[PDB]
$ cat my_file.cif   # mmCIF, C-alpha atoms and all ligand atoms
data_target
#
loop_
_atom_site.label_atom_id
_atom_site.label_comp_id
_atom_site.auth_asym_id
_atom_site.auth_seq_id
_atom_site.Cartn_x
_atom_site.Cartn_y
_atom_site.Cartn_z
CA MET A 1 59.95 58.19 3.48
CA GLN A 2 62.94 60.26 4.59
CA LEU A 3 65.52 57.55 5.39
CA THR A 4 67.93 56.85 2.54
CA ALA A 5 68.82 53.34 1.46
CA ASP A 6 72.13 53.87 3.25
CA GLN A 7 70.39 54.88 6.46
CA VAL A 8 68.06 51.87 6.37
CA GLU A 9 71.02 49.56 5.66
CA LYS A 10 72.86 51.02 8.65
CA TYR A 11 69.86 50.31 10.86
CA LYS A 12 69.60 46.73 9.55
CA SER A 13 73.31 45.90 9.74
CA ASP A 14 74.45 47.96 12.77
CA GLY A 15 71.23 48.15 14.78
CA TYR A 16 71.01 51.94 15.07
CA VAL A 17 71.04 55.12 12.97
CA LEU A 18 71.54 58.80 13.84
CA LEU A 19 69.50 61.62 12.21
CA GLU A 20 71.21 64.89 13.15
CA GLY A 21 69.28 68.13 13.49
CA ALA A 22 65.75 66.76 13.12
CA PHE A 23 64.35 69.39 15.55
CA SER A 24 65.26 73.07 15.66
CA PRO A 25 66.79 74.92 18.63
CA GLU A 26 63.41 76.56 19.26
CA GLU A 27 61.65 73.19 19.28
CA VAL A 28 64.27 71.80 21.69
CA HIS A 29 63.64 74.77 23.99
CA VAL A 30 59.89 74.05 24.05
CA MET A 31 60.56 70.40 24.90
CA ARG A 32 63.02 71.33 27.65
CA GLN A 33 60.48 73.68 29.21
CA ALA A 34 57.91 70.87 29.15
CA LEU A 35 60.44 68.51 30.69
CA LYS A 36 61.15 70.95 33.52
CA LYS A 37 57.42 71.12 34.23
CA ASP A 38 56.89 67.36 33.93
CA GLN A 39 59.78 66.55 36.32
CA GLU A 40 57.78 68.10 39.18
CA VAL A 41 54.68 65.90 38.73
CA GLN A 42 54.22 63.43 41.58
CA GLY A 43 53.49 59.80 40.81
CA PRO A 44 54.81 56.28 40.25
CA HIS A 45 55.95 57.19 36.74
CA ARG A 46 58.74 59.33 38.29
CA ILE A 47 61.87 57.33 39.17
CA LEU A 48 64.59 58.88 41.36
CA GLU A 49 68.28 58.14 41.33
CA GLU A 50 69.40 55.78 44.08
CA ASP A 51 70.84 58.77 45.96
CA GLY A 52 67.47 60.53 45.72
CA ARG A 53 69.01 63.84 44.67
CA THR A 54 67.53 64.01 41.15
CA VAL A 55 65.07 62.36 38.83
CA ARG A 56 66.53 59.41 36.90
CA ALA A 57 63.59 58.62 34.62
CA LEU A 58 60.11 59.83 33.75
CA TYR A 59 57.41 57.72 32.10
CA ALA A 60 54.50 58.74 29.89
CA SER A 61 55.28 62.45 29.62
CA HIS A 62 53.22 62.50 26.41
CA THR A 63 50.07 61.98 28.50
CA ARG A 64 50.78 65.15 30.50
CA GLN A 65 52.56 67.67 28.21
CA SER A 66 51.04 68.60 24.85
CA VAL A 67 54.40 69.05 23.13
CA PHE A 68 55.42 65.49 23.94
CA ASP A 69 52.12 64.22 22.53
CA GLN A 70 52.85 66.30 19.40
CA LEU A 71 56.41 64.94 19.27
CA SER A 72 55.18 61.35 19.42
CA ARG A 73 52.99 61.91 16.34
CA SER A 74 55.54 63.94 14.35
CA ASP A 75 56.29 62.62 10.89
CA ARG A 76 59.96 63.26 11.73
CA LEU A 77 59.73 60.29 14.12
CA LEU A 78 56.88 58.21 12.66
CA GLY A 79 58.09 58.52 9.07
CA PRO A 80 61.38 56.81 9.85
CA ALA A 81 59.86 54.31 12.29
CA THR A 82 57.31 53.25 9.65
CA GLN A 83 60.02 52.85 7.00
CA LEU A 84 61.87 50.42 9.27
CA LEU A 85 58.90 48.35 10.46
CA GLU A 86 56.47 48.74 7.52
CA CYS A 87 53.33 48.62 9.65
CA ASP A 88 50.87 50.61 11.72
CA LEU A 89 52.41 51.69 15.02
CA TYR A 90 51.49 52.72 18.55
CA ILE A 91 53.44 53.75 21.65
CA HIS A 92 54.67 50.79 23.70
CA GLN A 93 56.78 52.92 26.03
CA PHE A 94 57.58 56.63 26.42
CA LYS A 95 60.43 57.50 28.76
CA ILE A 96 62.86 60.32 29.43
CA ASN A 97 66.10 59.18 31.06
CA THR A 98 67.33 62.36 32.76
CA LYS A 99 70.98 61.76 33.62
CA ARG A 100 72.04 64.71 35.75
CA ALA A 101 75.33 66.54 35.58
CA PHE A 102 77.74 65.80 38.43
CA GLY A 103 76.84 62.21 39.11
CA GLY A 104 73.87 60.98 37.06
CA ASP A 105 74.02 57.20 37.33
CA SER A 106 74.73 54.55 34.71
CA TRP A 107 72.33 52.28 32.81
CA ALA A 108 73.38 48.63 32.86
CA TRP A 109 74.27 46.80 29.66
CA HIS A 110 71.15 45.05 28.37
CA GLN A 111 68.78 44.18 25.55
CA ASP A 112 65.28 45.67 25.70
CA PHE A 113 63.24 42.92 24.07
CA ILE A 114 63.79 40.08 26.54
CA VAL A 115 62.51 42.34 29.34
CA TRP A 116 59.26 43.06 27.54
CA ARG A 117 58.92 39.44 26.38
CA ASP A 118 59.34 37.95 29.86
CA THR A 119 57.71 40.69 31.94
CA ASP A 120 54.92 41.79 29.61
CA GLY A 121 54.38 39.02 27.07
CA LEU A 122 55.56 41.08 24.10
CA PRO A 123 55.51 38.40 21.36
CA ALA A 124 58.29 39.54 19.02
CA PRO A 125 60.86 42.34 18.54
CA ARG A 126 58.60 44.12 16.01
CA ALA A 127 59.37 47.48 17.62
CA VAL A 128 61.85 50.35 17.30
CA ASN A 129 63.34 52.69 19.90
CA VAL A 130 63.39 56.35 18.86
CA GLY A 131 65.71 58.56 20.87
CA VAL A 132 65.45 62.33 20.85
CA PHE A 133 68.40 64.27 22.30
CA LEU A 134 67.12 66.96 24.65
CA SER A 135 70.74 67.72 25.57
CA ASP A 136 73.85 67.79 23.43
CA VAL A 137 75.25 64.25 23.64
CA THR A 138 79.05 64.09 23.85
CA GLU A 139 81.68 61.57 24.96
CA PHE A 140 81.60 63.21 28.39
CA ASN A 141 77.97 63.11 29.59
CA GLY A 142 77.17 59.41 29.60
CA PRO A 143 75.95 58.74 26.07
CA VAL A 144 74.18 55.55 25.10
CA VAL A 145 76.84 53.10 23.93
CA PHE A 146 75.87 50.33 21.50
CA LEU A 147 77.68 47.11 20.67
CA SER A 148 77.44 47.67 16.94
CA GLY A 149 75.52 44.95 15.10
CA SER A 150 74.86 42.98 18.29
CA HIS A 151 71.13 42.71 17.51
CA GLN A 152 71.89 40.19 14.74
CA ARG A 153 72.43 37.51 17.40
CA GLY A 154 68.81 37.84 18.47
CA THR A 155 67.90 37.49 22.13
CA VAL A 156 70.56 36.29 24.58
CA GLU A 157 68.60 34.22 27.08
CA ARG A 158 68.81 34.93 30.81
CA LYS A 159 66.62 34.76 33.90
CA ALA A 160 65.51 37.88 35.76
CA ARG A 161 67.53 38.67 38.87
CA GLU A 162 65.95 37.23 42.02
CA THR A 163 65.25 40.70 43.43
CA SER A 164 64.34 43.80 41.43
CA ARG A 165 66.19 47.10 41.75
CA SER A 166 62.95 49.11 41.46
CA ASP A 167 59.25 48.47 41.98
CA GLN A 168 58.30 51.32 39.61
CA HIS A 169 59.85 49.87 36.43
CA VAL A 170 62.30 47.17 35.35
CA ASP A 171 65.75 48.69 35.71
CA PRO A 172 68.06 47.03 33.14
CA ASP A 173 70.19 45.85 36.10
CA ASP A 174 67.52 43.16 36.52
CA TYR A 175 68.39 41.70 33.07
CA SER A 176 71.98 42.81 32.70
CA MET A 177 74.47 41.24 30.33
CA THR A 178 77.19 39.28 32.05
CA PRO A 179 80.83 40.36 31.80
CA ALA A 180 81.58 37.11 29.93
CA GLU A 181 78.86 37.76 27.35
CA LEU A 182 80.01 41.35 26.86
CA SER A 183 83.67 40.37 26.58
CA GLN A 184 82.93 37.73 23.94
CA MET A 185 80.60 40.01 21.99
CA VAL A 186 82.67 43.18 21.83
CA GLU A 187 85.30 41.83 19.41
CA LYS A 188 82.82 41.50 16.54
CA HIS A 189 80.41 44.15 17.87
CA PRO A 190 82.51 47.12 18.95
CA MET A 191 81.41 49.91 21.22
CA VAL A 192 80.02 52.95 19.39
CA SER A 193 78.21 56.02 20.70
CA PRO A 194 76.19 58.47 18.60
CA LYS A 195 77.15 62.01 19.55
CA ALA A 196 75.30 65.06 18.28
CA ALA A 197 73.60 68.28 19.28
CA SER A 198 70.23 68.47 20.98
CA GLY A 199 67.37 67.95 18.54
CA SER A 200 69.05 64.94 16.94
CA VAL A 201 67.16 61.65 16.61
CA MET A 202 68.59 58.15 17.18
CA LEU A 203 66.71 55.00 16.10
CA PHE A 204 67.83 51.67 17.57
CA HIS A 205 66.77 48.03 17.59
CA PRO A 206 65.16 46.38 20.64
CA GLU A 207 67.76 43.56 20.61
CA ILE A 208 70.92 45.66 20.33
CA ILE A 209 73.09 45.53 23.44
CA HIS A 210 73.29 49.02 24.90
CA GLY A 211 74.27 50.72 28.14
CA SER A 212 75.63 53.99 29.42
CA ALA A 213 78.12 55.28 31.98
CA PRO A 214 77.77 57.77 34.84
CA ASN A 215 77.79 61.43 33.92
CA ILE A 216 80.69 63.14 35.76
CA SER A 217 80.50 66.21 33.53
CA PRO A 218 78.98 69.62 34.26
CA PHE A 219 76.37 68.99 31.53
CA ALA A 220 73.14 67.04 31.90
CA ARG A 221 72.11 64.36 29.40
CA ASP A 222 68.33 64.27 29.00
CA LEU A 223 67.46 61.48 26.55
CA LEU A 224 63.90 60.88 25.44
CA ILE A 225 63.08 57.43 24.05
CA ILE A 226 59.78 56.48 22.40
CA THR A 227 59.34 52.78 21.70
CA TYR A 228 56.93 52.29 18.81
CA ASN A 229 55.39 48.85 18.40
CA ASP A 230 53.56 47.08 15.59
CA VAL A 231 49.84 47.24 16.39
CA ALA A 232 49.71 43.53 15.49
CA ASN A 233 52.42 42.81 18.08
CA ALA A 234 50.54 43.97 21.18
CA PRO A 235 51.65 42.35 24.47
CA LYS A 236 49.81 39.24 25.66
CA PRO A 237 50.63 39.20 29.39
CA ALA A 238 50.26 36.15 31.62
CA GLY A 239 49.33 37.81 34.92
CA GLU A 240 48.13 41.32 35.67
CA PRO A 241 49.57 43.84 33.19
CA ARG A 242 52.05 46.41 34.39
CA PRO A 243 50.81 50.01 34.58
CA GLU A 244 49.94 51.84 31.38
CA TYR A 245 52.59 54.45 32.19
CA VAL A 246 55.32 51.88 31.51
CA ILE A 247 53.57 49.56 28.99
CA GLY A 248 51.18 51.11 26.48
CA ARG A 249 47.74 49.62 25.94
CA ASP A 250 46.04 51.89 23.36
CA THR A 251 46.86 50.18 20.05
CA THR A 252 45.08 52.73 17.86
CA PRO A 253 47.40 53.37 14.88
CA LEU A 254 49.19 56.71 15.14
CA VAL A 255 48.73 59.15 12.26
CA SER A 256 51.81 61.24 11.56
CA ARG A 257 51.57 65.03 11.51
CA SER A 258 53.82 67.66 9.98
CA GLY A 259 54.76 71.08 11.27
CA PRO A 260 56.74 72.48 14.18
CA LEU A 261 56.39 71.64 17.83
CA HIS A 262 54.91 74.29 20.14
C1 LIG B 1 65.14 47.58 29.79
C2 LIG B 1 64.28 48.81 30.07
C3 LIG B 1 64.20 49.68 28.82
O1 LIG B 1 65.48 50.21 28.48
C4 LIG B 1 62.88 48.32 30.48
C5 LIG B 1 62.00 49.45 31.01
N1 LIG B 1 62.67 50.15 32.10
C6 LIG B 1 60.67 48.88 31.47
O2 LIG B 1 60.36 48.95 32.68
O3 LIG B 1 59.90 48.33 30.63
MN MN B 2 67.09 49.97 26.97
#

$ encode --input "my_file.cif" --output "structure tokens" --more "lines below"
Ligand SMILES: C[C@@H](CO)C[C@H](N)C(=O)O
Ligand SMILES: [Mn+2]
Amino acid sequence: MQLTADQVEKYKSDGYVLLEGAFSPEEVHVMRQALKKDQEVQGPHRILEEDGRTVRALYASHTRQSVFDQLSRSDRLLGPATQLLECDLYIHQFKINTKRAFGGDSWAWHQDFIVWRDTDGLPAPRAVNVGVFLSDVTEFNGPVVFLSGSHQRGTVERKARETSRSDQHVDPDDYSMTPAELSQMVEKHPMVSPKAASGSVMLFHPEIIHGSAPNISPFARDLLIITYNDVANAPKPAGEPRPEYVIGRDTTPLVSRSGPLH
């Protein structure tokens, strides 16, 4: 148990918490090399920007690169995730949102949970998102922005857009917050953005409202997000389940491991 009482309180009240410097520069380098290799793999798990010039998102890199499997079992991620949820955990979703320098596109304002509830039959928000900065995150390269404390409202109901932006995953556009909702909410739940060097870890709640702007800077923003889910909270889909690359199916409890990534 590494999170302090203050850190757990911040997660409960504000919906997110930043752990700076969890991984060393050398460990970041190993992960970036594995990302460069994984970005070249062909398949439906690889989502391009709308302009087709770069990758926008990669799914399930932990099934293809050893270091990302190691990362997902590291006690530096699972320790904190287990403190917050107090249960056995497994990977519901593993993604890297690779927002390129010089025009990497935005991510619409949204909550995560309603998407998984309505698309995948996820019963409850008994999950936690764990971000790992593979780039330095600054005000300039399209950081995740949270509406602080906005998870306390619970789920803000909406229907999925008639047509989907992508047939490879659910882009948050499909379930985006309306301008009216965001305008009402922001007075009590102000915009905040964790900013820190690569190797930092960011935990955030599946019902916090979050989004991010285009990256006009000369610096990329590669953000890895592992969504850990309570093994007792496995999805119960209505129709055919979505692919395993986007929605995890192996509910074996993960056992944390210590030591450096390689
Ligand atoms: C809302 C979004 C996660 O930030 C959903 C994810 N793209 C999925 O396809 O499950
Ligand atoms: Mn999200």

$ residues_near_ligand --input "my_file.cif" --ligand "ligand LIG 1 (chain B)" --cutoff "9 Å" --atoms "only C-alpha atoms and all ligand atoms" --output "PyMOL selection string"
chain A and resi 57+93+95+107-108+110-116+119-120+168-176+206+210-211+225+242+246-247

$ atom_distance --input "my_file.cif" --atom1 "atom CA of residue 256 of chain A" --atom2 "atom CA of residue 24 of chain A"
18.4 Å

$ closest_residue --input "my_file.cif" --among "A:96, A:216, A:20, A:258" --to "ligand MN 2 (chain B)" --atoms "only C-alpha atoms and all ligand atoms"
A:96

$ closest_residue --input "my_file.cif" --among "A:45, A:236, A:12, A:100" --to "residue 215 of chain A" --atoms "all atoms listed in the file"
A:100

$ closest_residue --input "my_file.cif" --among "A:81, A:180, A:130, A:34" --to "residue 8 of chain A" --atoms "all atoms listed in the file"
A:81

$ axis_aligned_box --input "my_file.cif" --around "segment 250-254 of chain A" --padding-each-side "6 Å" --output "JSON"
{"center_x": 47.1, "center_y": 53.4, "center_z": 19.1, "size_x": 16.1, "size_y": 18.5, "size_z": 20.5}

$ residues_around --input "my_file.cif" --residues "residue 88 of chain A" --least-positions-apart "5" --cutoff "7 Å" --atoms "all atoms listed in the file" --output "list in words"
residues 230, 231 and 253 of chain A

$ closest_residue --input "my_file.cif" --among "A:233, A:193, A:227, A:150" --to "ligand MN 2 (chain B)" --atoms "all atoms listed in the file"
A:227

$ residues_around --input "my_file.cif" --residues "residue 13 of chain A" --least-positions-apart "2" --cutoff "8 Å" --atoms "only C-alpha atoms" --output "short mmCIF file (atom, residue, chain, number, x, y, z; two decimals) with C-alpha atoms, keeping the file's coordinate frame"
data_model
loop_
_atom_site.label_atom_id
_atom_site.label_comp_id
_atom_site.auth_asym_id
_atom_site.auth_seq_id
_atom_site.Cartn_x
_atom_site.Cartn_y
_atom_site.Cartn_z
CA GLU A 9 71.02 49.56 5.66
CA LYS A 10 72.86 51.02 8.65
CA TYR A 11 69.86 50.31 10.86
CA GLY A 15 71.23 48.15 14.78
CA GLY A 149 75.52 44.95 15.10
CA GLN A 152 71.89 40.19 14.74
#

$ atom_distance --input "my_file.cif" --atom1 "atom CA of residue 30 of chain A" --atom2 "atom CA of residue 49 of chain A"
24.9 Å

$ atom_distance --input "my_file.cif" --atom1 "atom CA of residue 200 of chain A" --atom2 "atom CA of residue 25 of chain A"
10.4 Å

$ residues_around --input "my_file.cif" --residues "residue 205 of chain A" --least-positions-apart "4" --cutoff "8 Å" --atoms "only C-alpha atoms" --output "number ranges by chain"
A: 11, 15-16, 127-129, 151

$ closest_residue --input "my_file.cif" --among "A:131, A:102, A:91, A:237" --to "residue 224 of chain A" --atoms "all atoms listed in the file"
A:131

$ decode --input "my_file.cif" --residues "segment 95-117 of chain A" --atoms "N, CA and C atoms" --output "PDB file, in the first residue's frame"
ATOM      1  N   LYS A  95      -4.969   0.487 -23.612  1.00  0.00           N
ATOM      2  CA  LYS A  95      -4.837   1.317 -24.792  1.00  0.00           C
ATOM      3  C   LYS A  95      -3.676   2.275 -24.634  1.00  0.00           C
ATOM      4  N   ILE A  96      -3.105   2.663 -25.769  1.00  0.00           N
ATOM      5  CA  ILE A  96      -2.153   3.763 -25.832  1.00  0.00           C
ATOM      6  C   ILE A  96      -2.704   4.772 -26.820  1.00  0.00           C
ATOM      7  N   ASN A  97      -3.012   5.974 -26.325  1.00  0.00           N
ATOM      8  CA  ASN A  97      -3.521   7.065 -27.153  1.00  0.00           C
ATOM      9  C   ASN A  97      -2.324   7.924 -27.546  1.00  0.00           C
ATOM     10  N   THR A  98      -1.911   7.788 -28.797  1.00  0.00           N
ATOM     11  CA  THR A  98      -0.653   8.333 -29.316  1.00  0.00           C
ATOM     12  C   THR A  98      -0.954   9.619 -30.078  1.00  0.00           C
ATOM     13  N   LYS A  99      -0.947  10.743 -29.366  1.00  0.00           N
ATOM     14  CA  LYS A  99      -1.358  12.014 -29.942  1.00  0.00           C
ATOM     15  C   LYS A  99      -0.140  12.726 -30.531  1.00  0.00           C
ATOM     16  N   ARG A 100      -0.013  12.681 -31.850  1.00  0.00           N
ATOM     17  CA  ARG A 100       1.212  13.136 -32.493  1.00  0.00           C
ATOM     18  C   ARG A 100       1.419  14.638 -32.330  1.00  0.00           C
ATOM     19  N   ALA A 101       2.691  15.024 -32.341  1.00  0.00           N
ATOM     20  CA  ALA A 101       3.066  16.417 -32.524  1.00  0.00           C
ATOM     21  C   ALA A 101       2.499  16.939 -33.831  1.00  0.00           C
ATOM     22  N   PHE A 102       2.268  18.255 -33.885  1.00  0.00           N
ATOM     23  CA  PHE A 102       1.893  18.919 -35.131  1.00  0.00           C
ATOM     24  C   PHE A 102       0.580  18.358 -35.667  1.00  0.00           C
ATOM     25  N   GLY A 103      -0.410  18.269 -34.784  1.00  0.00           N
ATOM     26  CA  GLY A 103      -1.769  18.054 -35.243  1.00  0.00           C
ATOM     27  C   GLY A 103      -2.514  16.843 -34.710  1.00  0.00           C
ATOM     28  N   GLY A 104      -1.945  16.095 -33.766  1.00  0.00           N
ATOM     29  CA  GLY A 104      -2.674  15.017 -33.115  1.00  0.00           C
ATOM     30  C   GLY A 104      -4.035  15.456 -32.618  1.00  0.00           C
ATOM     31  N   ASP A 105      -5.079  14.702 -32.932  1.00  0.00           N
ATOM     32  CA  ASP A 105      -6.440  15.187 -32.753  1.00  0.00           C
ATOM     33  C   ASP A 105      -6.921  15.037 -31.310  1.00  0.00           C
ATOM     34  N   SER A 106      -8.012  15.753 -31.023  1.00  0.00           N
ATOM     35  CA  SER A 106      -8.618  15.814 -29.703  1.00  0.00           C
ATOM     36  C   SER A 106      -9.350  14.511 -29.365  1.00  0.00           C
ATOM     37  N   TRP A 107      -9.678  14.388 -28.077  1.00  0.00           N
ATOM     38  CA  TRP A 107     -10.567  13.359 -27.540  1.00  0.00           C
ATOM     39  C   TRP A 107     -11.752  14.072 -26.905  1.00  0.00           C
ATOM     40  N   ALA A 108     -12.947  13.754 -27.383  1.00  0.00           N
ATOM     41  CA  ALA A 108     -14.164  14.419 -26.951  1.00  0.00           C
ATOM     42  C   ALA A 108     -14.358  14.291 -25.452  1.00  0.00           C
ATOM     43  N   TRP A 109     -15.038  15.276 -24.874  1.00  0.00           N
ATOM     44  CA  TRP A 109     -15.430  15.207 -23.464  1.00  0.00           C
ATOM     45  C   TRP A 109     -16.399  14.053 -23.244  1.00  0.00           C
ATOM     46  N   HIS A 110     -16.149  13.239 -22.221  1.00  0.00           N
ATOM     47  CA  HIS A 110     -16.974  12.054 -22.004  1.00  0.00           C
ATOM     48  C   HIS A 110     -16.734  11.492 -20.612  1.00  0.00           C
ATOM     49  N   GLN A 111     -17.620  10.571 -20.221  1.00  0.00           N
ATOM     50  CA  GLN A 111     -17.386   9.598 -19.162  1.00  0.00           C
ATOM     51  C   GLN A 111     -17.129   8.230 -19.784  1.00  0.00           C
ATOM     52  N   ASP A 112     -16.261   7.430 -19.147  1.00  0.00           N
ATOM     53  CA  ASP A 112     -15.967   6.095 -19.666  1.00  0.00           C
ATOM     54  C   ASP A 112     -17.078   5.101 -19.361  1.00  0.00           C
ATOM     55  N   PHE A 113     -17.620   5.130 -18.143  1.00  0.00           N
ATOM     56  CA  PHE A 113     -18.424   4.013 -17.673  1.00  0.00           C
ATOM     57  C   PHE A 113     -19.647   3.785 -18.552  1.00  0.00           C
ATOM     58  N   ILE A 114     -20.379   4.851 -18.887  1.00  0.00           N
ATOM     59  CA  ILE A 114     -21.625   4.648 -19.620  1.00  0.00           C
ATOM     60  C   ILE A 114     -21.360   3.906 -20.923  1.00  0.00           C
ATOM     61  N   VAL A 115     -20.203   4.153 -21.553  1.00  0.00           N
ATOM     62  CA  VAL A 115     -19.873   3.459 -22.797  1.00  0.00           C
ATOM     63  C   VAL A 115     -19.785   1.963 -22.556  1.00  0.00           C
ATOM     64  N   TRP A 116     -19.059   1.572 -21.516  1.00  0.00           N
ATOM     65  CA  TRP A 116     -18.895   0.151 -21.241  1.00  0.00           C
ATOM     66  C   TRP A 116     -20.188  -0.473 -20.728  1.00  0.00           C
ATOM     67  N   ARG A 117     -20.985   0.280 -19.972  1.00  0.00           N
ATOM     68  CA  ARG A 117     -22.276  -0.220 -19.510  1.00  0.00           C
ATOM     69  C   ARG A 117     -23.200  -0.522 -20.685  1.00  0.00           C
TER      70      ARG A 117
END
